[PDB]
Structures are given as C-alpha cells and as structure tokens.
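Participant: Quick one: this structure, given as structure tokens, is what I'll be asking you about.
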Amino acid sequence: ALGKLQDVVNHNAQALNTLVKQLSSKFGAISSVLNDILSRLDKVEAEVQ
Amino acid sequence: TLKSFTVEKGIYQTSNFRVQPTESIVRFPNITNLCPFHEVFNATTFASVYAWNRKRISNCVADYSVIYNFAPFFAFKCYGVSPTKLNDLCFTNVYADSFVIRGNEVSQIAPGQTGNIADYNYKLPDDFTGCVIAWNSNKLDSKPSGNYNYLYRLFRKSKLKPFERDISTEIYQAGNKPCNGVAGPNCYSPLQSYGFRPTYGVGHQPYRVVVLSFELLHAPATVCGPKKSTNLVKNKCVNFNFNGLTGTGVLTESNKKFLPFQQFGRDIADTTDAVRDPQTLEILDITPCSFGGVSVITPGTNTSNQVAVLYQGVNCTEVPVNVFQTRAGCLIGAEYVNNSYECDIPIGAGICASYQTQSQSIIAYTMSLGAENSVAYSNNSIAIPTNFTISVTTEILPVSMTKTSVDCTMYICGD
Amino acid sequence: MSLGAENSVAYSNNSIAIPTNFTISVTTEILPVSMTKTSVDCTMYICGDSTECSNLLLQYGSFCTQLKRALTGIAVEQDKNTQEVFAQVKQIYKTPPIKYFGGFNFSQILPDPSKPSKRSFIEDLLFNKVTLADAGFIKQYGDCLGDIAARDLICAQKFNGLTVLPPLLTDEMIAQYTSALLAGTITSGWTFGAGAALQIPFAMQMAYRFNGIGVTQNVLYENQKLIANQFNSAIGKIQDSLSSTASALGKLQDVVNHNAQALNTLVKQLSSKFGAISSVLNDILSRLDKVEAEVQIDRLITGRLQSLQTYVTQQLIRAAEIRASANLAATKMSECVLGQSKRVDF
Amino acid sequence: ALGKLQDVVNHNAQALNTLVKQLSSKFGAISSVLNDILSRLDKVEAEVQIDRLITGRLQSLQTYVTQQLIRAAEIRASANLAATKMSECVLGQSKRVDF
Amino acid sequence: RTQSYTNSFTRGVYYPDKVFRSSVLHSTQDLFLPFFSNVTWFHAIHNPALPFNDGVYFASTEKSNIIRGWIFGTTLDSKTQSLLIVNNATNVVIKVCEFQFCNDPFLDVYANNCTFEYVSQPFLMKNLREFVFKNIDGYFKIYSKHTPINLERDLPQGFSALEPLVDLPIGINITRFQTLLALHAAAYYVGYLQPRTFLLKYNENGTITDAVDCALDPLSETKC
Ligand SMILES: *[C@@H]1O[C@H](CO)[C@@H](O[C@@H]2O[C@H](CO)[C@@H](O)[C@H](O)[C@H]2NC(C)=O)[C@H](O)[C@H]1NC(C)=O
Ligand SMILES: *[C@@H]1O[C@H](CO)[C@@H](O[C@@H]2O[C@H](CO)[C@@H](O)[C@H](O)[C@H]2NC(C)=O)[C@H](O)[C@H]1NC(C)=O
Ligand SMILES: *[C@@H]1O[C@H](CO)[C@@H](O)[C@H](O)[C@H]1NC(C)=O
Ligand SMILES: *[C@@H]1O[C@H](CO)[C@@H](O)[C@H](O)[C@H]1NC(C)=O
Ligand SMILES: *[C@@H]1O[C@H](CO)[C@@H](O)[C@H](O)[C@H]1NC(C)=O
Ligand SMILES: *[C@@H]1O[C@H](CO)[C@@H](O)[C@H](O)[C@H]1NC(C)=O
Ligand SMILES: *[C@@H]1O[C@H](CO)[C@@H](O)[C@H](O)[C@H]1NC(C)=O
Ligand SMILES: *[C@@H]1O[C@H](CO)[C@@H](O)[C@H](O)[C@H]1NC(C)=O
Ligand SMILES: *[C@@H]1O[C@H](CO)[C@@H](O)[C@H](O)[C@H]1NC(C)=O
Ligand SMILES: *[C@@H]1O[C@H](CO)[C@@H](O)[C@H](O)[C@H]1NC(C)=O
C-alpha cells in the first residue's frame, strides 16, 4: 500500500550501503585499508596507491 | 563542425581566433662570472655523511649541460625537474651537498624514506625538488685497510629533522652502565667506521652522492645565464622569457606599488600578472592579446554558398590573425538595413538576419519585435467580435525515449 | 521554536465567519527565468596556448565536443525560455496619450523617455538592487586591456576561456516586451491572449477580474477610489521596500551569485595540482622532460576535465531547475497575466 | 511541425552513435582495441593500459548514463505534461488560458 | 627580573612569501605567533636564558636604542654558531663565532671558526621594533619593522606586518636563547610562536592588512 516511500527509504539505505561497500573496492590498488598501505609501503609507493 | 555535407540555415559556432605572436624576447640579469661546478666534483675527498658540507653558489653562469662530462656517472635521479631542460630555467640559489656513503642506501636517499642511514646522518624533506646525482668510488676511495675516515651514526635518541646537521661526539646511554665518558662495555660510542677493500663485494661499493637544492619561484634570481638577452617591446603580441616564465603577452605599463623584495605577482589562480624586469626595476604587466571566436551565419547549402562571419565580443580593429559593429561584435560579409523583418537567424545582442534579394545578399538588421501597434484606448473604446474561426492547432509532445540496456562487460571489455 | 500560533478555531454546530472588507495587496513574487549563458573553449581553459596539451586533449575523443554541444543547448534553452516567457504577444502595443488608466497610478511601472533606456522606475530599482557582475555582454575587453586600479575578476574569467555570451533579447527590447504586455493588459485585458487585442476600459477589466473569483462587480463600482488608492499605496510600499528594505531580491541575486561563484570556483581550480608537481602549465613545459611532462599534463587534463564535467553537470542540473522555473513563469504569464487563474495559492 | 519527436529520435540515435564512436578513443593508451592490447603487451603493463581504458570508458558510460538521466527527467516532465493534457484537454475541458 | 603579564595582541605577522598580491585572500601554514598570546616582561637593573619554542617575537621600546643582539645556539657557550648581532653607529656586525661567552655579557658604551662575516647597513634607526626570528627546514631568517610607537605603556593596537630582512643559507638546531645586555635599565617582550594558519587581507597597494588566527576562536575558524 505504501510503496513509494518504501522505495525512497530503500534507495537511500542502499545508496549508503553501496557507499560503505565501496570502501572494500581496490580500484586497482593493492588493498582497501589505508592503515595496511601506510604500514606496508614506503611513501612513494604509498602515495601512488 | 557538423561532420556532414549539407548545412541547415542557422548560426554555427566555430573554433576560436587568436593573434599569432610576432617576436620573442629574453630578459636575463647581467651576470658574467663563473662558479666551480667542476672543482667541487674532481676534488681529493668529500666531507663525512654526518658532517656534509653545504656551499652557496650565486652570480655565475648556470650551465648544467657540462656536468654530464665533468663527472663519470649514470643519469639523474631528478625529482621535480629534468636535466634536459635544466639550462632553460632561472631561479634563486643552488646548494651542492656531498658525502660518501655505502652502495645499498643510494635508494635510501629519497623523500619520505625510512631506514638506518636515512634518519641518523642525512634526511631529505617530504617534497624535495632536486636531483640525486650518484656514482661509484671504487678507484678514488678504496683502501686495503678500510675507509676509516668516513663516519656514520648508529645510535641517536631521536630521528633527524630534514636538512639539518648534527655534528657531535658523546657516549650513548642505552645501557644502565654509568660510564659517563668511558667508551668501554655496555655504553659503546656511535663513532664507528665501515671498512672496504679493493677486493670487496660489488653490491654495496661506496658512492659519491651529490644533491642539488634548486629553490625556485621565489626571491630575486641570481644563478642563471646560458642564453642571449634581447630587447623589449610594448603593446604587441610577443613571447616572453622573463627568468623562467614563458607566455604570450603585450607587456603594458601600469601603476602597481612594488615592495623592494617582491619579484613576481599573481592575481587569482597562480597566473602571473606582473613581472619586474631583471635588468631595470620597473613595472611590466602581462596580458595576452585579443581573442574570441567566429560564428558562421549561412543559409542552406542548397540555397546559397555565401557566409556572414561574427567575431565574438570584440572591436574589430584587428580582424585577422560591409562591417556592422554591435555589442556582440563585428560582422564581415553582412550589410545593415534599417527595415524590420521577422528574423530567422539570431545573430547577437539585439540583431538578427535573413536572406532577401534586395543578386541575393545576406542582410543583417535589428530584431523586429513584431509589427508596432497603436491600439486605441479611451473611456468609450471596445472591440467585440462578430465572427470566429474554429481552428485546429497541432501541439506535439514527447512521451518516452528508447529503452536502452547497456551490457557493461560487453561494451567495456568485449568478451 | 514557536510553531507560529496557539490559535483555536471557534467551531460549533453552525459557526460561520464572513469578511466585511478586503485588502487589495500587491504580493510580489520573484522568479528566475534565464541564467547566464556561458561557453567554455576547452583550449584556453585546459591548455591556454600549448600545442602539447591540445594534442593530448585530441586523444580523449568527443568530450569537449559534447561539452560545447551541452553548453550551446543550454544557451539556446535560455533564449527559448526568455522568448516563451516574455514574447507571449505578436504585436508591440503602445501607450495612449492619456495616462488616466481608470484611476490606477501606473507611472512607476510604465516606462518614461527621460532616461536614454526605455525602462521604468521600478525596473531601474530592480536592476540597481541586483548587483550584476558586468560579464561579457558588454565588451569589457577595452577595459581589461588597460590595467586600471587592480586586476578585475571578470578579466580573469575572460582570459581563461570562460567567456559569457550576451542574450539575444537585450534589456531595451525586453522592456519593450514588458511594456507591450502592460499596454495589452491595461487596454485590451485578457482578450489579447486569444488572437488580437480587443480594447477595454481598465475599470471593466478589473470588474471582469473580480467576477473570476466569485465576487460580484459592484464591489469596485462602489469603491473604485479605495481600491485605486490601495493599489497606489501598495506599489508605494513596494517602491519603499526596493529603496530601503533590501530583503526580497534573494532569488535573482542568489542566481547571479551562483553563476559568479561557479565561474570563480572553476577559475580557482586552475591553481590545483591534482597530484601533479605544480599547477603552472608553462613551468611544467619548462622544467620537466618530455615523457614525465605529458604524464603530469595528463594528470592536469584529467583534473581539469573532471572540474569541467562537474561544472557542466551542475549547470545542466541548474538549467533543469531554471527551465522548471521558466516553465512556471511562462505558465504564470500565459495564465495570470494573459488571463485570470483559478488555482489556489497560485 | 514534427521537429520535437524527430529531435528526440536524433538525440537518442546520436547519443548511441557517440557511445559507439567513443570506443575508438585512446584515452591516453597506446591503442583503442582490447584484443590488440592483450595481443602485443605483457601482463602487468597491459593491466595498466586496460585500467586506463576501463577508466576512460567508465567515464564515458557515466557521462552517457548521467546525460540519459537528465534527458529522462526532461522526458518525464514532458510525459507528465502529456498525461495532464490527456487528463484535462482530452478527458475534459481545461479553463487554463493559453493551455 | 619582573615578568609582568598582559596580552601580546595581534602582532608578529610576517610576509609568508615575496609574491606581490593585491586584493587577495590568502591562507598558508607557517610557524609564527598566534593572536592574544602571553607577555613576559624583563625590566630590571641587572645571565639565565629562555627556551626557544620555535620562534621568538620581540618588541623594544627603547628611546636610547641600546640593543646589540639575540644570541642563539644549543648550550649557549661557544658550541653551535653563537649569533652576535652587535651593531655600531656605522654598520651592523652580524657574525657567528666562538668567543667563550659564559655569563652576563654586558657591553660598554665607550676566534675559532667564523663562517659568516656579512656586514650590512644599520637597521636600528616613540619607536617600536619587532624582530621575529624563525627556524624551519634548517633555515634561518631575520625580520624587522621600525613602527613608530605613540604610547610607551604596552603593545598598541597598531599593525606592524614584518617584511623579510635577511635570509641565511645555513642553520643549526636552536634550544636555548636569551637577550644581550646593554649598560654603561631596559624593558622588552618575548612571545611564543606555535604553528597556526593565516587568513591574509591585501589592500590595493599590496600591503598586508589584518589577518585572522583560525585556530583561536570558533568565529575566527568560521571566518577562515
Ligand atoms: C464568418 O466567416 C465565414 C468564413 O470564415 C463566413 O462564411 C462565408 O459566407 C459567405 C456568404 O455568407 C460565403 O460566400 C463564403 O463562401 C463563406 N466562407 C466559407 C469559408 O465558407 C461567414 O459568413 C462569416 N459570418 C458572417 C456573419 O459574416
Ligand atoms: C476597509 O479597509 C480599508 C483599508 O484596508 C479602509 O480604508 C481606510 O479607512 C480609514 C478610515 O478611518 C482611513 O483613515 C484610511 O485612509 C483608509 N485607507 C485607504 C483609503 O487606503 C476602509 O475604511 C475599510 N472599510 C470600512 C467600511 O471600514
Ligand atoms: C647591469 O646593467 C645595469 C644597467 O645597465 C647596470 O647598472 C648594472 O651595473 C649591470 N650589472 C652588472 C653586474 O654589470
Ligand atoms: C680534477 O683534479 C685532478 C687533480 O688535479 C686532475 O688530475 C683532474 O684532471 C681534474 N679533472 C678534470 C676533468 O680536469
Ligand atoms: C570600441 O567600440 C566602442 C563602441 O563602438 C567605441 O566607443 C570604442 O571607442 C571602441 N574602442 C576602440 C576603438 O579602441
Ligand atoms: C472618462 O470620461 C471622462 C469624461 O470627462 C474623461 O474626463 C476621462 O478622461 C475619461 N477617461 C478615459 C480613460 O478616457
Ligand atoms: C450541537 O452542539 C451542541 C453543543 O452546544 C451539542 O450539544 C449538540 O449535540 C450538537 N448537535 C448535534 C446534532 O450533535
Ligand atoms: C499618481 O498620479 C499622479 C497623476 O495621475 C502623478 O502626478 C503622481 O506622481 C502619481 N504618484 C506617484 C507616486 O507617482
Ligand atoms: C601567562 O602566564 C602566566 C603564568 O605563566 C599565567 O598566570 C597567565 O594567566 C598567562 N596569561 C594568559 C593566559 O593570558
Ligand atoms: C596606496 O598608495 C597611495 C600612494 O599615495 C595612497 O595615496 C593610497 O591612499 C594608498 N591606498 C590605501 C592606503 O588604501
């Protein structure tokens, strides 16, 4: 009966969940956690990734 | 522009017009002396790694194409600049730090580097705009007993700051032994020298690393020289080589109050707006000359082939790289008429054009807002119609476009 | 926060309320119609004058062709918005020699030939309140050539390819459209929106516009002087508010500020490195090698192309909003200027 | 008279044709064909060039989807106007003047 | 010595770079004096030193004009390039040497390695003189501004933005510093310089107008 507001809430929630899950994407780098890159690579390769 | 062969009746944007630069000017400060790039390179010995010497170079010919064969090395580890166009620049000062290190930390001489010998004897800034010239010393500095002259620090209570020299001798107190001046057990001094041999290993043979400071875009410049200075012109589109800045301008004269220490000037977006002349201290604004674009006013290709040309928002005193002038710009190829027709092609701010015979010509005119009316009004003036017209007027509205589904893998990658 | 009033309606079985008096109030609604028609050259912004940046921008295909097509469509859309909002009439009407328009004082809104422009008093106050940026619709390059005082912001916008195209309808012919609409509204009324002008005295038109809201037309024909003086005092209140209380022109001054700050942000983005060593392109040609230089030039091209695409996308969304507001303004001019509207709170 | 629907058809056709022509763009890579890149290059450097082409065609696809979303909002506004005109010009008589 | 406490006010502003800007709102990260800091007087008749917390802001209101240096270094006794800014009526004698200065270096009115020997014009001449010093990235800088003061009470509300006087090509780590005596009865100020950021206003002539301590107030951080 209330479909459009459920679509609004689900669209906002899935947009924020997609934004959260996009932290896990590598985007061509070696990892997705900045602490592991900053404690694994020297500053030239660290700034590249 | 239309990527076709038939052209509809209308006004079409075309690529911009610019005034070509006429001359090229070079204004360098009159410096004629020479400085020893050579004599600091074939020297008898260099300073220690913890006691690296920094020397100031000013007022000499800045020749970087000769240090290729003043020293037997293998290319440059340049950051920020390049050795190919290094002689075309003009900056304030250069400092040549030099020291003799082991071979397996030439890669440790870099901005943002952490190691034993990266932080205890010599440290670079986070953004180092210079070159890290390095070469072997297998013949010049090699002893059968060992190179005990050079010293490197093993122990320090804190890491070094960038570009700062810590020359001292003391006793490290990592242990609990209170020797307080004795170099015996458990409080060993950090004065230890690495030793090599002529028959030693090849992977970390000693080096002769020389760095360059290269501070630029600041202060009066005094280490420049290797080109010919020319004259200077005003109010003409020319290329300028004011110190290191390159561009096209007219070089007008203005009234800007220079402080005695300032040598540049930027307006908003790091674009240089006023350059002090290095020879004589005066005013020189920088302004690239006239520009805009061209708009083609044409009828259909099946109708005619003549064109009318707009120049966007500029007085057409300099047209190339009749004439009707408006606030949108001049028109070459169009003739003004004092009449008022329902206009087909909009031209600019207030003016239109059409295609009339009165051979056919491309006329341009001020826009007719319709036929002017002088509709009557009094206390007794009313129009009531005695007849009608049941008219069918066609109105067209889009509803939906084409449903397109794009396969992302097939389009981007192609199986 | 107060939610406005703790009022209670006095409902009963048969509780009623009817008004014994009115207030002819000239409510002022301010609407944007067209924004600033700009166009980006994609050679003076991204590259300035370099052949190398032009050759690398040639590798990106039809990006700036699509950008120029989108900006040309935006400018043509703004001209279409101006034409479909203002030019609702086919023939320009002229004012009669007598200015007694049924007792209603129209001297503030009808134009006068004292000033060289054909504008009006209230239109002059409305142009003086909105601090226009004085963009490239006037040929300011004669002023930008001479370095008077300090360097201007519009000269910095113009010198980096962010030129501003003038509107097709200038302010004089837009004022002629407005004066023709006013003369057709006073002399012909609502009947010029259905063909040609059909003359009417202004008292009859105000009577036949009272008939459209369920009010009989004896109300003005017993109280013409009171309604005329209320209209005069209300337009005097509007005139005094435009003179002193500058708290009503926020929409159009906001639109001018959005356009000016958008061009200023797009200019100031030329000082951003986007990960390169510097933002001065000529120093990048003068300092670096070949290969490393087109590497850093490609970084600047990606950064400035992303900035230009953000500018074009934001201008497309803003053009959609401006086109919605212009469709609303065209619906108002078609509906409540060329006639009388029965929609509530419209 | 039928300029609007012909404009809509030409808009969608030229959008798809521009998306097809965008496949020939290099985007700074050494070529524009994925099989050509995977045929001559190594593994890591072809991963670099394919990532460059992926970024270029992803920017092109994002521009295409964003432009189609703005055009679909415009088409939805025109379709809401057409549904309103079916509701009160066809299914009734509208008193809105110049409508 | 007597350490009277008051406000340092909006002083200590220096030119961050030598680029001539007009009507430009510019912000940058520099190590210098924040707004509304503390004040330590040193008026007495009489040598203990002060710690160098990355910069000192100075202000002398001497009509007799008797000050001949600001000695820096690590342990202050002929160890790391003891700076002497002794000035006579003809020139200035700015040198770094090792002359074994132990305690109480007073100068009457009537060695080792010396790398620097540069001599310039006399900078020192109802007057106020500011001498903001700084050590960043192994560099040493001297600043000067001869603003004529009106009231001989404390630091006024006037603006005395510092122009860069002399930039040194060499530098050493600075920990301990003091002020040279001048006898045959004086009063000066010492401030502490902690890293915050500018918000500079330039007028039509390019002179530096009022700045804003962005890390002092929420209003000022809103302004920045
Ligand atoms: C209103 O206009 C119509 C035409 O638009 C008139 O119809 C014409 O009438 C005359 C004689 O009555 C005929 O000869 C014409 O052939 C008619 N025209 C058409 C197109 O059929 C009509 O007469 C007009 N009304 C009045 C009252 O004069
Ligand atoms: C209806 O309201 C109007 C104002 O909205 C009244 O007009 C005012 O009446 C007072 C009476 O003392 C005058 O002093 C004012 O000058 C009038 N204002 C004008 C003419 O603008 C009007 O009187 C009210 N109607 C009735 C019947 O009282
Ligand atoms: C450079 O030229 C100027 C003007 O001719 C002159 O005053 C100055 O002494 C010259 N400098 C040198 C080092 O010759
Ligand atoms: C460097 O100096 C040595 C010592 O005098 C000399 O033998 C050598 O030839 C010099 N190098 C060059 C390139 O002249
Ligand atoms: C530019 O055009 C205007 C208007 O035609 C004119 O007044 C002005 O003098 C022109 N500028 C020149 C010729 O430098
Ligand atoms: C209405 O008629 C009177 C009669 O004298 C006249 O004075 C007045 O001007 C007329 N109004 C108009 C608008 O014609
Ligand atoms: C009318 O209102 C009165 C309140 O005075 C109430 O008692 C009565 O029930 C109402 N009438 C009806 C029909 O409910
Ligand atoms: C009202 O109209 C009269 C003449 O009809 C005119 O003199 C007067 O200036 C008008 N009022 C205003 C405020 O313009
Ligand atoms: C300055 O410091 C003293 C003690 O060192 C302190 O009592 C005083 O409150 C300070 N002044 C301030 C914070 O304004
Ligand atoms: C800029 O300097 C001139 C030089 O006389 C002066 O007249 C003007 O007032 C100054 N502008 C200021 C202080 O804003």
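Numbers here mean position along the shown chain, with the first residue as 1.
Note that Cβ sites are derived from N, Cα and C of the backbone, with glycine treated the same way.
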Participant: According to Swiss-Prot, which listed range is region 'Immunodominant HLA epitope recognized by the CD8+': B:147-155, B:345-353?
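Facilitator: Spelled out, Swiss-Prot records region 'Immunodominant HLA epitope recognized by the CD8+' over residues B:147-155, not the other listed ranges.
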Participant: Where Swiss-Prot marks O-linked glycosylation site, which residue is it, choosing among B:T246, B:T357, B:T389?
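Facilitator: According to Swiss-Prot, the O-linked glycosylation site annotation belongs to B:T357.
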Participant: Mind checking which of B:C187, B:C224, B:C289 has the disulfide with B:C237 in Swiss-Prot?
Facilitator: B:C289
Participant: Choose one of B:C60, B:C78, B:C90, B:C343: the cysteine that Swiss-Prot connects to B:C224 by a disulfide bond.
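Facilitator: As annotated by Swiss-Prot, the paired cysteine is B:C90.
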Participant: Among B:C78, B:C179, find the residue that Swiss-Prot gives as the disulfide bond partner of B:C131.
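Facilitator: So the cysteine that Swiss-Prot bonds to B:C131 would be B:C78.
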Participant: Among the recorded positions B:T22, B:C330, B:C343, whose Cα is within 10 A of the Cα of B:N315 (N-linked glycosylation site)?
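Facilitator: If one measures from the Cα of B:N315 (N-linked glycosylation site), the recorded positions that come within 10 Å are B:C330.
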Participant: What else in the chain is close to the region 'Disordered' (B:18-34), if you only count residues 6 or more beyond its ends and a Cβ gap under 8 Å?
Facilitator: 59-61, 90, 221-222, 224-225, 227-233, 236-243, 248, 277-279, 289-291, 318, 321
Participant: Name, in order along the sequence, the recorded positions among B:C90, B:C179, B:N338, B:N379 with a Cβ closer than 8 Å to any chain C Cβ.
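Facilitator: Cβ contacts with C, in sequence order: B:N379.
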Participant: List, in sequence order, the same-chain residues at least six positions removed whose CB sits under 8 Å from that of B:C35 (disulfide bond)?
Facilitator: B:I57, B:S58, B:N59, B:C60, B:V61, B:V223
Participant: Consider the recorded positions B:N42, B:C90, B:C237, B:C316 and say which one has the Cα lying nearest the Cα of B:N379 (N-linked glycosylation site).
Facilitator: B:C316
Participant: Calculate the distance in Å between the alpha carbons (Cα) of B:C316 (disulfide bond) and B:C78 (disulfide bond), and round it to a whole number.
Facilitator: 48
Participant: DSSP secondary structure for B:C35 (disulfide bond), reduced to helix/strand/coil, please.
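Facilitator: The residue in question, B:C35 (disulfide bond), is coil (DSSP, three-state).
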Participant: Select the closest residue to B:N338 (N-linked glycosylation site) from the following recorded positions, measuring between CA atoms: B:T22, B:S24, B:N42, B:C131, B:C187.
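Facilitator: Considering only the listed recorded positions, the nearest one is B:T22.
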Participant: Relative to the Cα of B:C224 (disulfide bond), which of the recorded positions B:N30, B:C237, B:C343 has the closest Cα?
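Facilitator: In terms of Cα distance, B:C224 (disulfide bond) lies closest to B:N30.
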